[PDB]
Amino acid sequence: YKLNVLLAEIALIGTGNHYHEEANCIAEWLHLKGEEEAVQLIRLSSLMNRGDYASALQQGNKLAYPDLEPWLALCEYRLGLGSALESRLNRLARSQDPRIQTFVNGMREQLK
């Protein structure tokens, strides 16, 4: 493993196992090194694993990352913001990224 990748994966393990401050200390390092998208993924994961979807959503909509859009859609889904979710799915359906298309297709199925 490249060290920073290892640290990022461990931080994610941290956010899914109730070790949020440890994960944040790792993110503070990743932030210093410019891996801002990974920092945002760790923050979203930490907030969402704690059930704080509203805070996650507010922070996610204040920092733009195409690959993290699905996480914000998951926040809207869990909060039951139907209108916002539908709007987000229509926008994501416009993406050329096959991974985003797969996500949208999966969420549409989930919603049926």
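Residue numbers run from 1 along the displayed sequence.
Q: Going by the average Cα B-factor in the PDB entry, point out whether 66 to 74 or 49 to 57 comes out higher.
A: Stretch with the higher mean C-alpha B-factor: 49 to 57.
Q: Output the stretch having the higher mean C-alpha B factor in the entry; the candidates are 34 to 42 and 79 to 87.
A: Result: 79 to 87.
Q: Quick one: classify residue 14 as lowest, middle or highest third of the chain based on its Cα B-factor.
A: For residue 14, the deposited C-alpha B-factor lands in the lowest third.
Q: Where does the C-alpha B-factor of residue 111 rank in its chain, lowest, middle or highest third?
A: It belongs to the highest third of the chain when residues are ordered by C-alpha B-factor.
Q: Lowest, middle or highest third: which one holds residue 23 when the chain's residues are ordered by CA B-factor from the entry?
A: Lowest third of the chain for residue 23's C-alpha B-factor.
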